Amino acid sequence: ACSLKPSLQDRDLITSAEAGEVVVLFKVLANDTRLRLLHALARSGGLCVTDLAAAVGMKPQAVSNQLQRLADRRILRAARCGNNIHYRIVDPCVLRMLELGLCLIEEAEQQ
Amino acid sequence: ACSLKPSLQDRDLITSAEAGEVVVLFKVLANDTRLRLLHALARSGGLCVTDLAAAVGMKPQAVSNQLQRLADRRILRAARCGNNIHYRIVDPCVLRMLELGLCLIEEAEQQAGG
């Protein structure tokens, strides 16, 4: 089978409060639309809602509330000028989780 | 900062097809109790329901049901001899994602003075 990393075998059992915080992040990524939006935001380093909706092939109204909720959770920053709202990822934890997910997909391709 | 790692900036936008398999990984991990159970299993390299339920704050019967479900989803291997069932994590994707979670909890603690 597989075995926990040798240097991580000395950490005390994660507490419930510790688990809930990381679970918030896992919940955020456990959704294909959020994953795709976060991936698009990560490649570009930030897009307005019109360009973002375009990249993931959806109507802006289909993704606008989801982005706002991500900003509510302090995972994105929403910069409004006029009616243009530009989003970018400000939580590096969410980014590292996404990167590991991308690694697993490449490896699934056997590459 | 928050920039994507340069080696990963070339892959095309993840499709809904590729997103499906990784989303299932996050759904399994996106639960307080399951994550603590998975860590307790990862620390020890495998436990029975009685030791594992003692390790976390839970009753053996609830823990038992949780473990057979993870086994049903092929996250664990349930090794039975007699009436003793020993559970081990056999999904390495689950394992790396748990380990990343553990590193983030540690870095967060460090970064706030302890």
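Refer to the structure presented above.
Residue indices run from 1 on each chain, following the sequence as it is written; they may not match the entry's numbering, and residues absent from the coordinates are omitted. Lettering for chains starts from A, numbering for ligands starts from 1, and both go in the order in which the items are written. Neither water nor hydrogens contribute to the side-chain values; these are computed over all heavy atoms in the structure. Residues with missing side-chain atoms are left out of burial classes, side-chain pairs and their counts.

Describing the pattern of salt bridges
One speaks of a salt bridge when a side-chain nitrogen belonging to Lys or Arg is within 4 Å of a carboxyl oxygen belonging to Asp or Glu. Evaluated as defined, the whole model comprises 8 salt bridges over all chains. For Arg11(A), the salt bridge identified is with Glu18(A), shortest N-O distance 2.6 Å. Buried means the residue's accessible area, taken with a 1.4 Å probe over protein chains only, is under 20% of the maximum for its type, while exposed means over 50%, and partly exposed covers the values in between. A relative accessible area of 15% means that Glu18(A) is categorised as buried. For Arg96(A), the salt bridge identified is with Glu107(B), shortest N-O distance 2.7 Å. Here the residue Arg96(A) occupies a position in helix α5 (residues 92-108), and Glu107(B) occupies one in helix α5 (residues 92-111), the pair thus bridging two chains. With a relative accessible area of 28%, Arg96(A) lands in the partly exposed category. By definition, any uninterrupted DSSP run of H or I lasting at least four residues is a helix, any uninterrupted run of E lasting at least two residues is a strand, and each is numbered from the N terminus.

With respect to the packing of helix α1 (residues 16-29) of chain A against helix α1 (residues 16-29) of chain B
Axis geometry follows a simple rule: fit a line to the C-alpha atoms, using only the stretch in contact for helices, then measure angles between N-to-C directions, giving values from 0 to 180 degrees. Between α1(A) and α1(B), whose axes approach to 8 Å, the crossing angle comes to 150 degrees. Overall, the two elements α1(A) and α1(B) adopt an arrangement that is roughly antiparallel. Here the hand of the crossing between α1(A) and α1(B) comes out left-handed. Of the residues in α1(B), those in contact with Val23(A), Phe26(A) and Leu29(A) of α1(A) are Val23(B), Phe26(B) and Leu29(B). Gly is put with the polar residues, along with every residue not named as nonpolar or charged; the nonpolar set is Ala, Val, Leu, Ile, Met, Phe, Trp, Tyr, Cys and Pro, and the charged set is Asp, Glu, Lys and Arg. Classifying every residue of the contact of α1(A) with α1(B) by side-chain character gives 6 nonpolar, no polar and no charged. Here the word oblique covers every angle except those under 35 degrees (roughly parallel), over 145 (roughly antiparallel) and from 65 to 115 (roughly perpendicular). With the far helix as reference, a near helix turned anticlockwise by less than a right angle produces a left-handed crossing, and one turned clockwise produces a right-handed crossing. Residue contacts are defined here by distance: any two heavy atoms, one from each residue, within 4.5 Å place the two residues in contact.

A closer look at the sheet that holds strand β1 (residues 47-48) of chain A
Residues and elements named next belong to chain A. Pairing within the open sheet is antiparallel, and its 3 strands lie in the order β1-β3-β2. A single partner strand is all that each edge strand has here, and the edge strands are β1 and β2 (76-81). Lying over the sheet, helix α2 (residues 32-44) contacts β1, β2 and β3 (84-89), oriented at roughly 90 degrees with respect to β3. Only strands joined by at least two bridges in the DSSP assignment are considered to pair.

Considerations on α5(B)
What sets the pattern is the α-helix's 3.6 residues per turn: residues three or four places apart point alike. In this analysis, the expected span of each helix is defined as 1.5 Å times one less than the number of residues it contains. In this model α5(B) runs 28 Å from its N-terminal to its C-terminal C-alpha over 20 residues, within 8% of the 28 Å that 1.5 Å per residue would give. When we look at burial in α5(B), the residues that qualify are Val94(B), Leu95(B), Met97(B), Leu98(B), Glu99(B), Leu100(B), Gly101(B), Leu102(B), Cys103(B), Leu104(B) and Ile105(B). In the core, the buried residues of α5(B) are packed alongside α1 and α5 of chain A together with α1 and α2 (32-44) of chain B. Once α5(B) finishes, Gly113(B) follows within two positions and takes phi at roughly 85 degrees, a positive value.

A look at helix α4 (residues 60-72) of chain B
All names here are of chain B. Its 13 residues place the ends of α4 18 Å apart at the C-alpha level, agreeing with the 18 Å of an ideal helix rising 1.5 Å per residue. Inspection of α4 places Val-63, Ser-64, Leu-67 and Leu-70 among the buried residues, and these make up the whole buried set. With its buried residues spanning 125 degrees around the axis, α4 presents them on a single face. Following α4 by one or two positions, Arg-74 adopts a phi angle in the positive range, close to 70 degrees. In this description, one arc is meant: the one made by directions from the helix axis to the C-beta atoms.

Remarks on the interface of chain A and chain B
How large an interface is tends to be reported as the accessible area lost when its parts come together. Taken together, the 50 residues of chain A in the interface contact 51 residues of chain B. Interface area, chain A with chain B, both sides summed: about 4800 Å², of which 69% is carbon and sulfur. Summed over the shared surface of chain A and chain B, the result is 5 salt bridges. Across the salt bridge formed by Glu106(B) and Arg11(A), the nearest N and O atoms sit 2.8 Å from each other. Note on terms: buried area is the combined drop in 1.4 Å-probe accessible area of two parts once they are placed together, counting the loss on both.

Notes on the packing of α2(A) against α5(A)
A pair of packed helices is captured by two measures, namely the crossing angle of their axes and the spacing between those axes. Residue and element names in this part refer to chain A. Where α2 contacts α5, the two axes come as close as 11 Å, and the packing angle between them is 100 degrees. In terms of orientation, α2 and α5 fall into the roughly perpendicular class. Residues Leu-35, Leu-38, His-39 and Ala-42 of α2 touch α5, and the partners they reach there are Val-94, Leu-95, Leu-98 and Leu-102. Its residues placed into classes, the contact of α2 with α5 shows 7 nonpolar, 1 polar and no charged.

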